[PDB]
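So the chains spell out like this:
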Amino acid sequence: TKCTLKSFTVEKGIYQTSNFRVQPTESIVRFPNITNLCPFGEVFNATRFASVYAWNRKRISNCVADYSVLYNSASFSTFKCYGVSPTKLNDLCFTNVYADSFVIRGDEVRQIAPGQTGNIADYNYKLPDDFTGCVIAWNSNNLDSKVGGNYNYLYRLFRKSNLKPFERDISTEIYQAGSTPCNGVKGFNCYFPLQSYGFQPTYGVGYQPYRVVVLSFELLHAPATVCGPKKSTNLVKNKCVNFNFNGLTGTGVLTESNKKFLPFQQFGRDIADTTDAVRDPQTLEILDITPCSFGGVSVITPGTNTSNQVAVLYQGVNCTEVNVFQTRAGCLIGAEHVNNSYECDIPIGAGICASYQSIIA
Amino acid sequence: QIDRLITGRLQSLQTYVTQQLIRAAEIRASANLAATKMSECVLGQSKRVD
Amino acid sequence: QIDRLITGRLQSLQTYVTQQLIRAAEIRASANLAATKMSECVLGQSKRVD
Amino acid sequence: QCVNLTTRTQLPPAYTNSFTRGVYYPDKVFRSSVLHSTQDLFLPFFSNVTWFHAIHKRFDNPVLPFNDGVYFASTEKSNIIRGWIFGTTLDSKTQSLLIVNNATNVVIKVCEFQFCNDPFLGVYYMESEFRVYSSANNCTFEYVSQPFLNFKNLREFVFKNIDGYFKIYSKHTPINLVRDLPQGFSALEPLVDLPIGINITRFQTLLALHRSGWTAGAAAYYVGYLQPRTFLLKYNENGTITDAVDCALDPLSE
Amino acid sequence: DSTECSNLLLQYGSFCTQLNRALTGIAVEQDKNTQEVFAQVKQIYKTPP
Amino acid sequence: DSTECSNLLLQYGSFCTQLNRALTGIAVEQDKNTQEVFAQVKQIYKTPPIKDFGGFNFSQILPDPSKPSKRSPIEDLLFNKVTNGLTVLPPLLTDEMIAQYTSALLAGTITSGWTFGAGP
Ligand SMILES: *[C@@H]1O[C@H](CO)[C@@H](O[C@@H]2O[C@H](CO)[C@@H](O)[C@H](O)[C@H]2NC(C)=O)[C@H](O)[C@H]1NC(C)=O
Ligand SMILES: *[C@@H]1O[C@H](CO)[C@@H](O[C@@H]2O[C@H](CO)[C@@H](O)[C@H](O)[C@H]2NC(C)=O)[C@H](O)[C@H]1NC(C)=O
Ligand SMILES: *[C@@H]1O[C@H](CO)[C@@H](O)[C@H](O)[C@H]1NC(C)=O
Ligand SMILES: *[C@@H]1O[C@H](CO)[C@@H](O)[C@H](O)[C@H]1NC(C)=O
Ligand SMILES: *[C@@H]1O[C@H](CO)[C@@H](O)[C@H](O)[C@H]1NC(C)=O
Ligand SMILES: *[C@@H]1O[C@H](CO)[C@@H](O)[C@H](O)[C@H]1NC(C)=O
Ligand SMILES: *[C@@H]1O[C@H](CO)[C@@H](O)[C@H](O)[C@H]1NC(C)=O
Ligand SMILES: *[C@@H]1O[C@H](CO)[C@@H](O)[C@H](O)[C@H]1NC(C)=O
Ligand SMILES: *[C@@H]1O[C@H](CO)[C@@H](O)[C@H](O)[C@H]1NC(C)=O
């Protein structure tokens, strides 16, 4: 009170000095059920992968994507992102994801990169200089390789011009190594562009076949259907907590509600447009949001020339939520309630007055 | 630019309305006094000095 | 952005407190009139017309 | 497969009164015993709504401009109206949205379709005739859901294209009136929001033929257009919109 | 008559409604003041000729 | 509860203190107004149990003993006909004590004339 009045002596009276707050104790985040998962099992772990001149493009959209399972997997020998962060894939949202799957040699795994120049980069699969997304690659020597040699995986060796980014070329036109005319007829200086790989189990690390899946993100004006997973916590009721329900955040006491919502309605508002009712997204139940018990802290004292005894009034605060007496004005601590009636010395409110004789109310 | 002009003109209009409310309160007090004089001096003879 | 919200809400609160002070002056004038009528019509017989 | 229907009878389209229909819930917010004034794309009260018939020989399937929204009213018996055609140019050059309800389920597709000039379905007295498209080349979005569906049923629909979201509001109403729109109040609940993100400027209803040439089953439907205006909506104790005030209709409601 | 100005002015809320309400209250208060001062009789008395 | 907002609000100084002090002045002015209007007597008078006032009936303005609020029928009808940091402070005088003050004024002006307003 001396701090509030900017004086070392306090006259007899009641002085509003501070503002009692019920501090939030927990944080409750309730987010709806993580269903309709993206089909990453049929892209990363499919039956047969495609060649690199005819790489399979899978469109990931209208689903929720759990990149934490993909990132925490130890089978992947290469997980390199060029436009995003691996730890923020579960937080960001994208319109759609293009998954480009193919098989290359182990020494050509570095060639799927922006600014990298190679045969696979120029003739088989080209990335732009402003590429966003992540390239994932893992060894597949136990599956793709055959003791007689797996010749099913072809790759383009010759083309007149370099690729545009995200361009396919499945054409089988005979290349002209020299300047002799070739009408599709092979000769001394005219060769077929698609050659087969030499995947065998006796080769070392670098010649083993590597399966590569490249995820590319689009951030167009289409709505962001692809988002990360939502980790909803448990629900705590009857306490002043910080609630986060489907992006609607606030602070309040969450109690059971008798308001019966219609099934299309999610939140509830009073006359003054304040959210006082809400539906939990996990379990379809209705909760009232009572604001925490904020109050004004008033100090009831006589003069400091008389005595240093004080009483504290918490305005509009019940005595179970803070010589303790409950008034209609609030909870009064430090004053002894008496049954006698006197004239009002220090006004408390609602017919209650305080006086010094100790402090009585 | 319109945000600057809007906040300037809104502050001017709020100042004008506040001054008009204070002057309307003063004129209401004067009119209550005039109605009291109409009741007590015209419609009757007043013992109140001055 | 928070500064814009702060100055808007502060302007709203100043407007509310100003009009509350004007209405408090009006209610105080009405209550002074009511106390005068309590003293002169209830606690005595008044010669004042109307 | 496409078929020109050449046994139609020429007749100008009709018009009738909207009364107090076309109201929908503007948001997902419960409100209790309060009057809420809201600014949104609403259908004007007592407005001029376009009336189309299917009677025998009338078969009304034209293409109409979408504008900012479409109120679709359906006085329906025996399920003649089956879906709608959504797009801009209605050919393979652009990307179009398909809403169909056949005998099993509802299918929602966003693809590059080649629409026929006269698209319809057909029921043999059994549905065994599908002539609504000729091709489907590049699909971007597919969505299979639960089925939405004297005139006995009244079907109200609101379609909106706002920020790439396709809002479908709907309400089922049991009526027993013969010819025109009944007079009453019914707020349309939100059914499904679609992430389409496409331009739509024109629309077309999909009907079904009855075969036993072709015969048109008795049906009538109504097209209204959504305009940006203010409604004062009344919310009861249970939280349903029971009455509304159009703020730009007359000075009394103003 | 600038519609962009009114669209930006709607972001500030109901200040204009408050000012119009206060001015309307002042305007009806002036008529109430004249009614209270001068209309203290319901009979229009006339002097003799 | 935003701490960054309050840190930015401390740059504007004591505006909040002025608003709180003006509202506190209004709040104590209302109690002062009620005190000046109704508490004009320091003696709580009662009517006699026998209401023999020479034919004059005051039952519609005297308090009703059957009602728990101890209000007059006219006062009961009057009370029936009237229907984010925000707090409402209760008034210092409750409605029961204001009714008690009006009952004391009525008993004084019925039993004692204008003499109780000028002395004993
Ligand atoms: C149904 O009628 C329409 C309207 O005439 C036909 O559409 C035209 O078809 C001819 C056929 O070569 C084209 O040359 C025109 O350009 C089309 N008109 C338009 C506006 O596109 C349609 O082909 C008919 N259906 C069938 C199956 O013949
Ligand atoms: C004074 O007035 C009251 C009410 O105005 C009278 O009470 C009524 O008495 C009659 C018959 O005794 C009843 O039928 C009414 O119902 C009473 N009215 C109420 C409101 O209770 C009372 O009789 C009058 N006289 C005295 C001497 O008290
Ligand atoms: C195959 O890859 C997918 C990637 O989504 C993973 O979920 C699945 O567990 C893998 N299969 C096996 C047998 O580990
Ligand atoms: C969502 O998950 C909870 C988890 O217990 C389950 O009870 C509920 O049935 C699921 N579905 C819906 C629609 O809430
Ligand atoms: C509706 O429009 C048509 C022509 O567009 C017109 O003939 C008709 O009178 C209109 N209806 C009303 C009720 O004005
Ligand atoms: C949508 O289509 C219409 C006509 O088909 C055109 O006028 C309009 O510009 C298009 N909108 C966009 C954003 O391209
Ligand atoms: C309805 O349409 C879906 C999708 O085109 C199709 O799979 C289904 O077979 C159709 N139903 C009938 C009865 O043909
Ligand atoms: C659309 O389809 C045509 C023909 O099938 C094809 O040439 C074109 O590449 C496709 N475009 C896209 C974006 O899929
Ligand atoms: C609200 O619902 C109750 C049933 O819970 C019903 O008795 C009451 O009539 C309804 N009120 C309105 C206005 O529809």
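Residues numbered from 1 in each chain as written, not as in the entry; some residues may be left out. Chains lettered and ligands numbered in written order. Part of a larger assembly, values for the part shown. Heavy atoms only, no water.

If you look chain B up in the PDB entry, it shows as Spike glycoprotein from Severe acute respiratory syndrome coronavirus 2.

Chain A appears in the PDB entry as Spike glycoprotein from Severe acute respiratory syndrome coronavirus 2.

(A) The UniProt feature "disulfide bond" in chain A, seen in detail. All names here are of chain A. Checking the UniProt disulfide annotation for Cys81 and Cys134 gives a sulfur-sulfur distance of 2.0 Å, short enough (under 2.5 Å) to count the bond as formed. Here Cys134 lies in strand 7 (residues 133–139) and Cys81 lies in strand 4 (residues 78–81), a separation of 53 residues in the sequence. Both residues of the pair, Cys81 and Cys134, count as buried. (Disulfide = S-S within 2.5 Å. UniProt positions renumbered as here; feature names shortened; annotations may be inferred. Helix = DSSP H or I, 4+ residues; strand = E, 2+ residues; numbered from the N terminus. Buried < 20%, exposed > 50% of the residue type's maximum accessible area, 1.4 Å probe, protein only.)

(B) Looking closely at the site of ligand 1. Around ligand 1, the surrounding shell consists of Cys2, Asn4 and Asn117 of chain D. Within the complex, 23% of the 580 Å² of free accessible area of ligand 1 lies under protein. (Near = heavy atom within 4 Å. Areas by Shrake-Rupley, 256 points an atom, 1.4 Å probe, with all protein chains shown as cover.)

(C) Focus on the interface of chain F and chain C. Taken residue by residue, the interface counts 20 residues in chain F and 21 residues in chain C. Together, the buried faces of chain F and chain C total about 2,000 Å²; carbon and sulfur atoms form 74% of this surface. Summed over the shared surface of chain F and chain C, the number is 1 salt bridge. A salt bridge links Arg28 of chain C to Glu29 of chain F, with the shortest nitrogen-to-oxygen separation between them at 3.1 Å. Linking chain F to chain C there are 4 residue pairs in polar contact. Ranked by the residues each element gives to the side of chain F that touches chain C, the list is headed by helix 2 (residues 15–38) of chain F, at 10 residues. (Contact = heavy atoms within 4.5 Å. Buried area = accessible area lost by both parts, 1.4 Å probe. Salt bridge = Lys/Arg side-chain N within 4 Å of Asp/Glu carboxyl O. Polar contact = N/O pair within 3.5 Å; in protein donor to acceptor, adjacent residues only side chain to side chain.)

(D) Region of the structure containing the environment of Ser6 of chain E. Mapping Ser6 of chain E onto the fold places it in helix 1 (residues 3–9). When the C-alpha atoms of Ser6 of chain E and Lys42 of chain E are compared, they prove to be 48 Å apart, with 36 residues separating the residues in sequence.

(E) Spatial organisation of the interface of chain C and chain E. Taken together, the 7 residues of chain C in the interface contact 5 residues of chain E. One can count 1 residue pair in polar contact joining chain C with chain E. Residue classes in the side of chain C that touches chain E are distributed as no nonpolar, 4 polar and 3 charged. (Nonpolar A, V, L, I, M, F, W, Y, C, P; charged D, E, K, R; others polar.)

(F) Quick peek at the nonpolar core. By size, the foremost hydrophobic cluster in this structure holds 43 residues, and its most contacted members are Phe44, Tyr67, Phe102, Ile104, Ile112, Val214 and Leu215 of chain A. Of all elements in the fold, only helix 2 (41–44), helix 3 (67–72), strand 6 (96–105), strand 7 and strand 12 (209–218) of chain A reach the threshold of two or more residues within this core. Element by element, the count of residues in this core is highest for strand 12 of chain A, at 6 residues. Those residues in contact with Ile104 of chain A that sit more than four places away from it in its chain are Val52, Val109, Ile112, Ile120, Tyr197, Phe199, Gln208, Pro209, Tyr210 and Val212 of chain A. Counting residues in hydrophobic clusters, the runner-up holds 36 residues, among them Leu5, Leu97, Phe203 and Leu207 of chain D. (Core = buried A, V, L, I, M, F, W, Y, C linked by side-chain atoms within 4.5 Å.)

(G) Spotlight on the sheet that holds strand 12 of chain A. All names here are of chain A. The 5 strands lie next to each other as 3-6-12-7-4, forming an open sheet whose pairing is antiparallel. Each edge of the sheet is formed by a strand with only one pairing partner; in this case those strands are strand 3 (56–60) and strand 4. Here the average twist between neighbouring strands, direction ignored, is 20°. Of the strand pairs in this sheet, strand 4 and strand 7 are connected by 4 bridges, and their pairing is antiparallel. For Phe79, the partnering residue across the bridge sits in strand 7 and is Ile136. (Pairing = 2+ DSSP bridges. Axes fitted to C-alpha atoms, helices over the stretch in contact; angles between N-to-C directions.)

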